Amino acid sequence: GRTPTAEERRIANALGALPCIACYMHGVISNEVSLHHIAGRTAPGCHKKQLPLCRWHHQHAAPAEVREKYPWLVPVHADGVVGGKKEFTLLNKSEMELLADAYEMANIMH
């Protein structure tokens, strides 16, 4: 995609220092995260629109027995038939609502 601007780098770096924003709404502190693009990798400002997510909320489906205890622990990118944007939203919040939560936590004006 498009290389980030300096302002995008500053924002992304702030977001990337947060624990998983989806786990956080469930009271769980998951601090090993990667950034997830909500709105692609090319449009202006797209790199400001990223969520810090744990491995299980980003790309990996946890074992079913684990999801029985943590049913909201589903990846925003489907892994087989587990997760995807719609199921992730159902069990958490929309991506843009989580982005607002992340901005609040990182003390970024929004």
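Residue numbers here begin at 1 and follow the sequence given.
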### Task
Using the B-factors recorded in the PDB entry, average over the C-alpha atoms of 50-58 and of 31-39, then report which stretch comes out higher.
31-39
### Task
Mind pulling up the entry and telling me whether 4-12 or 100-108 has the higher mean Cα temperature factor?
100-108
### Query
If you rank every modelled residue in this chain by C-alpha B factor, which third holds residue 44: lowest, middle or highest?
middle
## Note on the structure
So, residue 83's CA B-factor, relative to its chain, sits in which third? The highest
